[PDB]
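Okay, so here's just one chain, in structure tokens, the form deposited in one PDB entry.
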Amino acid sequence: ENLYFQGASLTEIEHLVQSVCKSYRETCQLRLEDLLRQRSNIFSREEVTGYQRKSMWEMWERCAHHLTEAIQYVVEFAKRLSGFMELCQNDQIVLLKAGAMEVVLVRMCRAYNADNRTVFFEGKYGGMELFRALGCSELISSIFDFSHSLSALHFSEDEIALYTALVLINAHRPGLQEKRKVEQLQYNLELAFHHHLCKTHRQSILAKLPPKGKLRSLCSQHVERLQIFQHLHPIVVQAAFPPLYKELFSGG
């Protein structure tokens, strides 16, 4: 079915590096240079107050829509990723359900400015105070902290491409039917990532990457805060949350 479902040679690992970086370049959603350039476009105290005065449900709906848009690009990345479309549909869905949010969380560090602790949201850079109406400050600050720790790594676009491919191709996801096939694909992607770090003298980042448990906790907290919102505004979720968002985080 796929070359990366068996033992890959060095030349084939080199080809995988190029492929993953290209699939990422084609589905990265926002270009890094556009995100970097807009860092000086910061929300005013008046604009921040405007977001803070928005209702909880309207802020939740806007964030769910923006998160859904980012997830759509991750689905495309997955689709272009070597071996992914050769896995069975159950496995494809398992991997995306568990991993899409995690890939989005990793990708978000590109949109985060560690210098002033702001993130790119709806055209400008705003701090965590921008999301006060949500009423989940512990989850917001934990996402900000995560983006802060990844930003400290000075990730290149190629590093993000290879690392997110690994976040997604995780043979430990509960419910995988063709586990060994995923295990082999993950191993080749690990080799691709580590080869690139070896080749660019960036192996020092290996011990600095977040523990796998960290992305899992962030995703679990999101699912939990969504259930609390769902109890308060059930018709909002049912009527105005994107269907893709509900399929992934509220069982349909």
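Quick note: we count residues from 1 along the sequence shown, nothing fancier. Only residues modelled in both forms are compared. C-alpha atoms forming the largest set that superposes within 1.5 Å between two forms make up the rigid core.
Keep in mind that the form deposited in another entry is not shown, yet the notes after this line are about it.
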> Is it true that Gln230 shifts between this form and the one not shown by 2 Å or more at the Cα, once the core is aligned?
Replying inline: yes
> Is the CA-CA spacing of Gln230 and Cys63 tighter or wider in the other entry than here, given a 3 Å or more change?
Replying inline: closer
> Are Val104 and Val236 closer or farther apart at their Cα atoms in the other entry than shown, with the shift being 3 Å or more?
Replying inline: closer
> When the two are fit on their core, where are the runs of 3+ residues whose C-alphas each shift at least 2 angstroms between this form and the one not shown?
Replying inline: 226-241
